[PDB]
Structure formats: C-alpha cells, structure tokens
Amino acid sequence: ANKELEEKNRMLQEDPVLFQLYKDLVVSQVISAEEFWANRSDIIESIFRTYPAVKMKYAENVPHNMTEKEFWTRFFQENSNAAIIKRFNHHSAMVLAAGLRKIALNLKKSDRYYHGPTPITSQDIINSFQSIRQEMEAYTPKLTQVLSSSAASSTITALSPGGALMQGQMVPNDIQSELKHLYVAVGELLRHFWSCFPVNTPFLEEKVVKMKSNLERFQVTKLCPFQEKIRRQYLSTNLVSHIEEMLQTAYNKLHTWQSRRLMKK
Amino acid sequence: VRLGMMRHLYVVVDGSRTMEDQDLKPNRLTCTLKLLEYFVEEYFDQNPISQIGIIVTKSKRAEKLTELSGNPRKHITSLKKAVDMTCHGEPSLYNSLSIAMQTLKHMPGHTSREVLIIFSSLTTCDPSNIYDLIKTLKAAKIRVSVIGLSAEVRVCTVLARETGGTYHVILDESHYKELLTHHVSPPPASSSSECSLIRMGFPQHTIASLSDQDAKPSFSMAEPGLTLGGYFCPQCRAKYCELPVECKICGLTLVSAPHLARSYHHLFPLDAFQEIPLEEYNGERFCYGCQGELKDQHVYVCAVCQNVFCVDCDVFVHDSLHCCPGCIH
Amino acid sequence: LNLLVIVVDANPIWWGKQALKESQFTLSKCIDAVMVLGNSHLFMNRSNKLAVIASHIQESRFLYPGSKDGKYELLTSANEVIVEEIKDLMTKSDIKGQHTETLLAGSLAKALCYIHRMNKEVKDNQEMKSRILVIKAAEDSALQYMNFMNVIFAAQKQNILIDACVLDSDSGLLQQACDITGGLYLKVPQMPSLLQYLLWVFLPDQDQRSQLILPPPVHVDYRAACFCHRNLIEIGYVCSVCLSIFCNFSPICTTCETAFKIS
Amino acid sequence: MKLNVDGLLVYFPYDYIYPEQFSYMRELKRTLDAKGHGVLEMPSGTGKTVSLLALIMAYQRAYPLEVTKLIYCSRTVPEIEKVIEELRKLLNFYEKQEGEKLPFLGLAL
Amino acid sequence: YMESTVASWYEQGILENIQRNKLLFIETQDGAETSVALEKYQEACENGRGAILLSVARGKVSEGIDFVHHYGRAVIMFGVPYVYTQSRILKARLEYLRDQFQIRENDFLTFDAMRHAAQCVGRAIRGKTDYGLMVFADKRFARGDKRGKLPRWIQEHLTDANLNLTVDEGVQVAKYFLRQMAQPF
Ligand SMILES: [Zn+2]
Ligand SMILES: [Zn+2]
Ligand SMILES: [Zn+2]
Ligand SMILES: [Zn+2]
C-alpha cells in the first residue's frame, strides 16, 4: 500500500514548515528524499459499536434505492414491560463488552557541596584586631569627614556615560525571515546527524547510518555556502557568522571522531 | 532515603462535565487551573532540572495541551488558555494514561516518570480495560499518584497503590493547596527505581567580544529578533534565549550551576526543631532568628546550634529557607 | 513602603589591616557612610523603615531593631544606637585563628527572616517592598557556597532584591547572588567617595529603579567545575542522587556509592 | 492475643478487638454458663464468627464435659465456606501457640 | 413495582441521564440472567464505569449476595419492603399469630418489613471497616416505630438531624461523608 504517498499528500499543504523544509532539501538536489521519511456522526458511531444487530442490519441494508433519513427513522422503532428491563440489561452488557476488548542513602563526603563548583601571618590578625579596636574611639565625624566636594564631583563625572563604571540595530527586516528559514533547515538535518552521534554505537548496522549521515553532512554543507554567497554580496554589513560555527564545529566533531575511530581500530 | 532529583511529570487534567459543578467557591475547573498555575511555577521553582507536561482529557479523548518543556511561562499560558475550555464530555483514563505512556516510554531510564491525575468525574469510560494497562505501567515503572475530587474511586485506589503512587481526596480548597504543594517535592526512590549518570552541559552567558567585533548575531532557538548576546551550547553552538533548556539537536540538558544548586536542600532536609512552649531558662527576650520579643509561649531549638527561634522564624526556616540561620555559623 | 536592610561586612581582620596600613579609608568612615544612607532612606518617607546588620567571623549582630543639636529625634536615636552597638561589638571579640573568613550567609539569613517577620506584622493595607543593601568588604569563604545559594534562592522566591556593593574585591559568589534576584551590582573603586554612589545608585528603590539610568550589570560567569579539581568544565556527569558535577565518566561516583549499572 | 475473659482466658488470633467484642464475649459466656438457650445480635458480618468460635473453643477446653460439640449453621454453602476459613485460621493460631496438635476436629457437611 | 418505576423513568429522560452517569443493571426472576447481570456488575464495580444494580428485597439475590468494600457502596432502599396484602398464605400465618402468642397484625407486618430491610441494607458493613452509606428513600422509615424496630447499631448512628433530609440535603451530606471517609485513618 502507498501509505507513504497518502501521508505525503496529507502533509503536502496542511503543515507549511514541514513540507517547506523537506522540499528545500530537494530544491538544490542535495540527497534522495527516501531517507527523509525513513529516519523519521458520534451517534451513528456509538450505535455502530453498541448494537451488533444494527451493524449486521447496516451491512445487509446498505443504502440501495433508499435514504439515510428513512434509515434513521427505522432506528427508534406485561410482554412489553419485561422487554424494557431485558433491553436495558442487554444494552448495558453490550456497552460493557464493547469497553472490554478481547533505599536509605548514605554518603562519605558532604563538604564537597559546602564548597561547590565555585573556585577559590598569625601576628597580623593580632595587630589588625588591636588597631581596629583603637580605631573607633571617636565617632560621628559626618559633618565634613564623610564626604568632600572634589571626590563627589569626580564620582559624578565617573557616573557620566564616558566616565568609569558607566560604559553607556534593526535596519534589516526582510533578511530576517530568510535567516530564520535557513536556521530551521540546519536544525532539521542536524537533528538526525546528532541523534546517534554522542552514543558510541559500536555496531555495524548502527554505524552504517552514522556514516551515511556524515556523508549527508558534506552534501548539505555543500549547498549552504552558495546561499551564503548570494546574501553576502548585498552590502557587506551585519555579517552572519554564527551559521558558520555550527557547520565547522560539526565538521570538527566528524573529523575528530573519525580519527578517534581509526585510533581505536 | 534515595530521591529522584530529575523527574518528568505529567499533570493530567480532566475536562469532564462534573468539573462544571461549582462545589468550590468558584467554578471547579477554574479553581483547579488557577491553583495548578501556582503548582506549575512552584514545581519549576523547586526542581529546575525537571520538566512537566499537561494532558487535558474530555469527551472520551485525551489531547496533549503542552508537550514536555522546561519553560514555566509557556505552560502557564496554556493553563490560562484552557480556563475558557468548554468543559463538556466524559474522561477516559485509558486514553490519558496511554498518551502519557506513549510520551514517557522513550524517556531516559534514570529520570523518574510521574503522573498526577486530577480526577474530577468519578466515571471512567475507556475503550479497553484499564487493569491491563496497569500491568504495562508497572513494567514501565511510571509512578501514577491520583488526586481524586469529591470521590474515593476504587479503580484509582488500586492504580495508585499498585503502581506505587498515592491516592487522596480533596477535603476542601485549603487542603487542595496542601496536596499539590506536597506533590511538588521529589518522591523517594523505591526498590524498583534505578539511578544512572546523565550527561549534562553547562553554558556560559556570552556577549559581543569587543565593541561588536566578530559578533555572533542570531535570533533564537525555540517572532524572535536579532540578539547581540545570549546563552550558547557546548555542542549545538546554537543560541538559546533562556536556561535551563534541553538541546534541540544534542538532546543533552543545558543548565547552569545555580539551577542544580537549587535542589541540594532536598538532599539536605532540615531536622524538625523541638517545640517547647515554656521559656526553659531562655532569658533572651529577643528571638535570635528575628531579634524580636517572643510574644507567644513557644520556642524552637536545634540539636547542634541550640539557638532560639520563634513561631514565625521556625515556620519560615522549615518552609522556604530550608536552613537554620544561626546553625549555619 | 520600603524596608531597607544594610548588611555591613565589618571583618576585623581586613578592616584592621586597613588600620595598620594607615590608608585614607577606615571602618569608621564606612559606618558613617552607611549611617548617612540609612538616615537618608528614612528621610525619604515616614512609612519607610530600615535596619542594619554587622558581620563578624564569629557571628552577626543587629545594629538596629532630645534635639540637643536641633536634630530629628528618630534619626538621632538611630545614630546613637548604631554608634554604641558597633563600638561595643568591635571592642569585644574573641580570637580564633582557625576561623578568620568573614561570615555573610548567616547574616543574610537573619536579614531574610527579619523581613519576613516585619512583612507578617505590617498591616495588609500597605505593601512592603523590602531590599538588602549588602556591603561586602573581604573575600568570601569557599565552604559557605551551599548555604549562601540557599538563602539567595529563598530571597528570589520571597521577592527581595540583593543590591551588592562589594569594594576592594570582586566576589563571584556575591555577584552571582545579586544576579539571580535582579539586584544591582556596583563595584566602587574610589572608597573615599563611596557615599555618592549609595545616594545615586543604591538609594533609589525598585519602584523608580527601572525609570532611571544606572550602571549596566556586569557579565556573570556561571562556571561549573568537577569535584575532582574545582576547574571550569563545560560538560558535567551528574547522577540522580548526588546531583553533583563530576569530571569524567566513572563506574560509580564517590559521593553516591550507588550500584550504577553499565550499558 | 490472649484475652483474660471474666469466665476464663480465651485465645484470639487478631491483634485487637473492639469493645463490642468484649461485650459479645461476656454475654455469650453468661449464656453458656447458664446453660440456657438465648438470642443475641452482632452488627459485623465478619469478626463475630471468629469471636464466637474462639469463645466456644476456650469454653470447651475449660469445661469439655459441659459442651460435647459445636454445631454452627450458616444460611448458604458459599457463606459457610468463609466460616470454615475463619475456623482454620483460628486453629492454626492456637496450634502455633500450643506448639503441638490437639484432639480437635472440625468439618462441614 | 420495580418494573413500573423503571418504565416510568424510561418514558421520562431521567433513566437516560442515569445511564449516561453510570451503568445500569436490573434483576429478573430467572436465576441465569440474575447471575450473568451480577457477574457483569462486579466487573463494573472494579472498573471506573460503576454500576447501579436494581433488585427486589425478597429476591434470592439480595439474601445470597454479600456487599463488601467497593461493592454496593451506597445501599438505596426504595420504599418499605412489604409483601402484597392479597397472598392468602400470609393471612393464615398472620392471623394465627394474632390469635396465639398475641402479636398485632400491624406489629408483625412492620416487623416483617424492618427485618427484611435490615437484611438487605446491612451488607455494606461486612467487615474490614469499609465505609458506606445506607439511604432509605421513604418517609415511613422516619416514623418512630420503624426506627425503634430498626437494629440498634444502625439506629444509634442515625440522628434526628439527618432523619428526614430532603433529596438535595441528603445528596450534599452524602458527598461530605464520603469526603470524610476517603482520607486514611
Ligand atoms: Zn546542544
Ligand atoms: Zn523569631
Ligand atoms: Zn541550628
Ligand atoms: Zn551519586
């Protein structure tokens, strides 16, 4: 069955982003689209499940020279007294049948938390202690000692934007959407490339997909710089270099892990 | 007692008709949502590494209101949106638990998968028998702790006790606050629970290198404008607006040191201070904790520092600060 | 209203080192500047209230719970009480060579619970916006990280602003502390002119802080390190019990003793 | 759980008994001592059976000649099965307490 | 009488709403159907669907069956159980008791009702201290004679405050009592 074709038709226009990115991977003819998907009323329904007799009747009485309104009409249509009780028991039983388908912790080193990841003679204490003890025999010098005008002016000049302790562009708009779309494409493909990269996966069938994805990295990064070239030759302003770091870092991980794999071999 | 610091918790809310009944002072659904917003924010504030997910079940169908995420604000927005929900239909425990099971099945083994079903309508119309699903839940070690409303439901009683969770019924709104605040804290790890090392990544806030030289412009990663500076990733190398967040590419949790430090007090619970009403040779009129006169015949003391704390001091210390001020010295 | 709390780090070792050095700046002038700041804060409005805490290696003590010179009676009471209490605390102090690092986490804990007590007693009609104007004066202690982090998170939850005013040294822990709760961080390099800074940067309250130009926040290096070395590490291997940042993959982390199963 | 009943000492398998059980046992012992037919009512569907059976067994041990045997009748066979379960539990408890088998026989027709 | 009430509820929309809220099962004279219905009722009780089992007080099912925790949680008695006043067998049995042993006909009749009702309402307290409420939807039970002839253990719990609760008031108190029993010891 063409389940893949049906799914593609369902998501062809319902979701714009998904099809936009999937198409983008083929617009420049990067790689085959197989890997794309390879890696990644109520009343009548209730009666349908409720009454098996109604199901059989529907199958035998499928619309043929009749009308659904007439079929609806046929639904509602001491001997009768016991009939209601029996019908209620059977109906509740049918509903129920339809709903019934066939360590104390101990530690040896706690001071490590007290000094967490944050990083980093005797007569000196005596001298400082006595001198500071003798420091404050005089108090309330606020009248003039606390502040002076020259230092206050220096402080205000420092607080000025050009002073010390106080150091002190949305021109492009349409380029923003293009950058966002490119970033989403990078995200989509990097997801599968990094999906099993961190895990060693020392298996033949596991490593085959990693090799194929690593080659796909070359294929996609082959076309990325061309769009970069188109965008670059506009004004030579507001450089977009963050994208380059992702590609180069993925390449570095690829090559370093390739060398590590060869070393392990 | 071993505690699972990292837990993926799903707050299953039922959009049943019985939620319409205004048993509480406001509408029952509105009250639950309003207090659940507090629960969500407090849960993130007391377990940053953890993440939450809301599934809303109504009309015999369960819909994921918000997928697993580390951003409290997005979930809060989802709750406020759900306040206006029609609230008509009948819940299905099988459907809701199956959705949660499908999402939690692929979650890492080390993390504690948990579900808190806020059950309102005692009825449970499900396509398939739920006792069978209980077996799969026990196999999958997904803790399910129901909180019933105005009903002691038997199927959920067996669900909670068999799966290891706890069952409760709301005595009133004040008790409802207590129940959810209790579930905020990480649950103790039982024999079935297993612990394993988890890869972690610590990013550093970065800005323009020098006067916007060799800048690193970027918009965001899950209408974001250009950002001069932000957080980054050791491996993604993709700009992130806020932390902590799971990698969109690596699949590795990005979180800073303070977020981890926020959970240490759980490992270090504070021993309750004996309450002695009488002064007991405590000649210090001023409370050591707050330097205020003890206007009530109550005193609290440690077993190490042997200090004096008033009612407010002890209550606050055990509630929020989670550490004895003087005894730190 | 606003409840200000000034956490002065009066470490005798360091301040007496200044005294021995005979430098222009002295603890007396520091106390006078803090006194002036408190007086001005209460000057701002009647409803405003303040408090002061002094820090020492042993413990931390509160410095604060007619018009002889033609002075305002309440501020006169403040002046007298703080002067007498600070002189008493500095004059009387035991000597312990083993413990010399200044204590700040416990002082902040006392501060926080004090604000909670005042917030409970005050009438619900008026809302109180508390603040803590921490004034560090010496290097912090490594062993105090856990407690200081807990008190900082308590402050975040309780909505109190930790305005750090470190001087002569940049404590990464304190700058990290104020960044979490959004308090300002000013590193005054001109100690003699310290008070001009307080009356301009710190003195304005959270209500008017947003609608005012103040020095930009300093970049915070949220470093992480293994317990092996205490060196910066970008990738940490924590477990589900210790929640401790470690160096490299190991069969079992020492601080846990758990029976980790390989895979 | 040995209960020092007024008449004698009576063993009991479960840990605790409600005050109604004390009243039940004392009244039943009074009727047995009088050796006269009587009627009494107990609320609980279960629990009364164990109290009654234990008291009858202890009375048999104290005065075996007074009572030849106990004929305990129940409405339906499915119900009397639960009674034999209770009696089996009581006998195992008493046998563990004594440490050995005793000449006691109990059966259902 | 059960069939007449069921038919009237069926004609009105009350019965359909009850069906929506919870599953409904009914008893019949035939033992096979009775057994099948009760077997399904137990499964309904185990599951969250719940069940409402309509039965007759004289029905053999009422005497044979025993209700325990999470079984027959709330026992509802619709009308005082009285045998038809036309069966001539009871006339001999009754008038003979009046002639000999000197028992009033009304006294014995009300005793035959209270004993039967206590039989059919005393099951929920089987054992293990399993909560449960017994609601009697008949003002006749409120009469002193019926209360006096009621068993002591039930009557002493019964109080004048809840003796003649309205339908709504009884529903509210039942909800509150179930809340109290939900929490642990
Ligand atoms: Zn990443
Ligand atoms: Zn206090
Ligand atoms: Zn202490
Ligand atoms: Zn560990």
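Residues numbered from 1 in each chain as written, not as in the entry; some residues may be left out. Chains lettered and ligands numbered in written order. Part of a larger assembly, values for the part shown. Heavy atoms only, no water.

Going by what the PDB entry lists, chain E is known as TFIIH basal transcription factor complex helicase XPD subunit and is assigned to Homo sapiens. Readers searching the PDB will find this entry under the title "RNA polymerase II pre-initiation complex with closed promoter DNA in distal position".

Identification of chain D as TFIIH basal transcription factor complex helicase XPD subunit from Homo sapiens is taken from the PDB entry.

A few points about the overall build of chain D
For the record, the criterion: Strands are runs of DSSP state E lasting at least two residues, helices are runs of H or I lasting at least four, and both sets are numbered from the N terminus onward. Radius of gyration here is computed from C-alpha atoms only, and the compact-globule reference equals 2.2 Å multiplied by the residue count raised to the power 0.38. Relative accessibility decides the category of a residue: with a 1.4 Å probe and only protein chains considered, values under 20% of the type maximum give buried, values over 50% give exposed, and everything between is partly exposed. Calculation of accessible area relied on Shrake-Rupley with a 1.4 Å probe; when residues are assessed, cover is drawn exclusively from the protein chains displayed. Charged-residue counts in this description rest on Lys and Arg as positive and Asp and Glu as negative, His and the chain ends being excluded. In this description, the location of a charge corresponds to atom NZ of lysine, CZ of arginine, CG of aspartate or CD of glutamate.
A tally of regular secondary structure across chain D gives three helices and two strands. For chain D, the N- to C-terminal ordering of α and β elements is β-β-α-α-α. By the compact-globule yardstick of 13 Å for 109 residues, chain D fits well, its C-alpha radius of gyration being 14 Å. A burial count over chain D gives 32% of its 109 residues as buried. Accessible surface, chain D: about 7600 Å² in total, of which carbon and sulfur atoms supply 57%. Taken as two groups, the 14 positive and 14 negative side-chain charges of chain D have centres that lie 2 Å from each other.

Re the coordination of the zinc ion (ligand 3)
All names here are of chain B. Inclusion rule: We call an atom a donor if it is N, O or S and sits within 2.8 Å of the metal, or 3.2 Å for Na, K and Ca. Water is not counted, so some sites may look partial. Between 85 and 135 degrees for all angles marks four donors as tetrahedral; over 155 degrees for opposite donors together with 65 to 115 for all other angles marks four donors as square planar and six as octahedral; every other arrangement is irregular.
Taken together, the protein ligands of the zinc ion (ligand 3) are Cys302 (SG), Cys305 (SG), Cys324 (SG) and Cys327 (SG), with distances of 2.3 to 2.7 Å. Taken together, the four donor atoms coordinating the zinc ion (ligand 3) span angles of 98 to 120° at the metal, a pattern that classifies the geometry as tetrahedral. All donor residues of the zinc ion (ligand 3) come from one chain, and their arrangement in sequence is C-x2-C-x18-C-x2-C. In this pair, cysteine 305 sits in the loop between β12 (299-301) and α9 (311-321) while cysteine 327 sits in helix α10 (residues 325-328), placing the two residues 22 residues apart along the sequence.

Some remarks on the coordination of the zinc ion (ligand 1)
All names here are of chain B. For the zinc ion (ligand 1), the full set of protein donor atoms is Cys233 (SG), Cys236 (SG), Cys247 (SG) and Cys250 (SG), at a range of 2.2 to 2.4 Å. Bound by four donor atoms, the zinc ion (ligand 1) shows angles of 98 to 117° at the metal and therefore tetrahedral coordination geometry. Along the chain, the residues donating to the zinc ion (ligand 1) fall in the pattern C-x2-C-x10-C-x2-C. On the criterion of sequence distance, the pair formed by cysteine 236 in the loop between β8 (198-201) and β9 (245-246) and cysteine 247 in the loop between β9 and β10 (253-254) is long-range, its members being eleven residues apart. Exposure remark for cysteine 247: the relative accessible area of 8% places this residue in the buried category.

Examining a positive patch on the surface
As a reminder, the rule being used: To count toward a patch, a residue needs a relative accessible area over 30% and no salt bridge; like charges are then connected within 9 Å, while nonpolar side chains (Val, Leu, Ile, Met, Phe, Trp, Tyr) are connected within 5 Å. What counts as a salt bridge is simple: a side-chain nitrogen of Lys or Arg found within 4 Å of a carboxyl oxygen of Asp or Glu.
Together, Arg49 and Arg101 of chain A together with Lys60 and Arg61 of chain B make up a region of like positive charge exposed at the surface. In this structure, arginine 49 of chain A sits in helix α4 (residues 42-50). Judged by relative accessible area, which is 58%, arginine 49 of chain A ranks as exposed.

Considering the pattern of salt bridges
Residues and elements named next belong to chain A. Counted under the stated rule, the structure contains 31 salt bridges over all chains. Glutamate 6 is the salt-bridge partner of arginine 10, the closest N and O atoms lying 3.5 Å from each other. A residue pair is termed a helical-turn pair when its members lie 3 or 4 positions apart in one helix, as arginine 10 and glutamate 6 do in helix α1 (residues 3-11) at four residues. On the basis of relative accessibility, which here comes to 44%, the residue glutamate 6 falls in the partly exposed class.

Quick notes on the interface of chain A and chain C
Selection rule: Throughout, a residue-residue contact means that at least one pair of heavy atoms, one from each residue, lies within 4.5 Å. Two parts lose some accessible area (1.4 Å probe) when they are put together, and adding that loss for both gives the buried area. N or O atoms within 3.5 Å of each other form a polar contact, as long as, within protein, one can give a hydrogen and the other can take it, and as long as residues adjacent in sequence are counted only when both atoms are side-chain atoms.
Contact residues are listed per partner, giving 40 residues for chain A and 52 residues for chain C. Summed over both sides, the interface between chain A and chain C buries roughly 4300 Å², with carbon and sulfur atoms accounting for 69% of that surface. When the shortest N-O distance is used, the salt bridge between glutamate 137 of chain A and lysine 87 of chain C registers 3.8 Å. Counting across the interface, chain A meets chain C through twelve residue pairs in polar contact.

A closer look at the sheet that holds strand β6 (residues 235-238) of chain C
Keep this limit in mind: Any two strands between which DSSP finds at least two bridges are classified as paired.
Overall, mixed pairing links the four strands, which are arranged β9(B)-β10(B)-β8(B)-β6(C) in an open sheet. Here the strands that pair on one side only, and so sit at the sheet edges, are β9 of chain B together with β6 of chain C. As defined by bridge partners, β9 of chain B adjoins β10 of chain B across two bridges and the pair is classed as antiparallel. Bridge assignment links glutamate 246 of chain B to a residue of β10 of chain B, and that residue is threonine 253 of chain B.

Points about the sheet that holds strand β2 (residues 49-55) of chain C
Residue and element names in this part refer to chain C. Condition: In this description, a line fitted to the C-alpha atoms serves as the axis of each element, helices being fitted only across the stretch in contact, and the angle between N-to-C directions of two axes falls anywhere from 0 to 180 degrees.
Taken together, the five strands give an open sheet; going across it, the order is β3-β2-β1-β4-β5, and neighbouring strands pair in mixed fashion. One side of each edge strand has no neighbouring strand; the edge strands of this open sheet are β3 (60-64) and β5 (161-162). With two bridges joining them, strand β4 (residues 129-132) and β5 adopt parallel strand pairing. Opposite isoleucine 132, over in β5, you have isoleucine 162 as the bridge partner. Strand contacts of helix α3 (residues 73-91): β2 and β3, with the helix running at about 155° to β3, the strand carrying the most contacts.

Observations regarding helix α11 (residues 174-195) of chain A
Stated formally: Helix span, expected: 1.5 Å multiplied by one less than the number of residues in the helix.
For α11 of chain A, which comprises 22 residues, the first-to-last C-alpha distance of 32 Å matches the rise-based estimate of 32 Å (1.5 Å per residue) to within 8%. Its buried side turned inward, α11 of chain A meets α2 (16-27), α12 (204-232) and α13 (242-264) of chain A.

Some words on the pairing of β3 of chain C
Residues and elements named next belong to chain C. Extensive coverage of β3 is indicated by the burial of four of its five residues. Direction of pairing for β2 relative to β3: antiparallel, over a ladder of four bridges. What sits directly across from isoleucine 53, in β3, is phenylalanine 62. Linking two consecutive strands that pair antiparallel, namely β2 and β3, is a turn of four residues.

Quick look at the side chain of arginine 117 of chain C
Locating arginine 117 of chain C in the fold gives a position in helix α4 (residues 105-121). Buried and unpaired, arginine 117 of chain C has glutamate 121 of chain C as its nearest opposite-charge partner, separated by 4.1 Å. Excluding its chain neighbours within four sequence positions, the residues that come into contact with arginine 117 of chain C are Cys290, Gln291 and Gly292 of chain B.

Focus: unusual backbone geometry
Here the residue pair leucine 243 of chain B and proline 244 of chain B is connected by a cis peptide bond, since its omega of 0° sits within 30 degrees of zero. With respect to the helices, strands and loops of the structure, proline 244 of chain B is situated in the loop between β8 and β9. A positive phi angle is found at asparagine 159 of chain C, which is not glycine, with a value near 60°. Relative to the elements of secondary structure, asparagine 159 of chain C occurs in the loop between α5 (145-158) and β5. Accessibility expressed as a relative area gives 64% for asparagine 159 of chain C, which makes it exposed.

Points about the packing of aromatic side chains
For any pair of aromatic rings, the description consists of the separation of the ring centres together with the inter-plane angle of the planes. Put simply, the rule is: In this scheme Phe, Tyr and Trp rings, the latter by its six-membered ring, pair at centre separations within 6.5 Å, and the angle between planes marks the pair as stacked below 30 degrees, edge-to-face above 60, and tilted otherwise. Look at NZ for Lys and CZ for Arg. If either is within 6 Å of the ring centre and within 35 degrees of the ring normal, a charge sits over the ring.
A complete count under the given rule lists 26 aromatic pairs over all chains for this structure. Judged by centre distance (5.4 Å) and plane angle (40°), the ring pair of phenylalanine 218 of chain A and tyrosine 251 of chain A falls under tilted. With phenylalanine 218 of chain A in helix α12 and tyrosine 251 of chain A in helix α13, this pair connects stretches of sequence that are 33 residues apart. With centroids separated by 5.8 Å and ring planes inclined at 80°, the aromatic side chains of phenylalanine 249 of chain C and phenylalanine 260 of chain C adopt a geometry described as edge-to-face. Note that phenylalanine 249 of chain C is positioned in the segment after β6 and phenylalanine 260 of chain C in the segment after β6, a separation of eleven residues in sequence. One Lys or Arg, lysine 57 of chain A, reaches over the ring of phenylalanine 71 of chain A and ends 5.3 Å from the middle of that ring.

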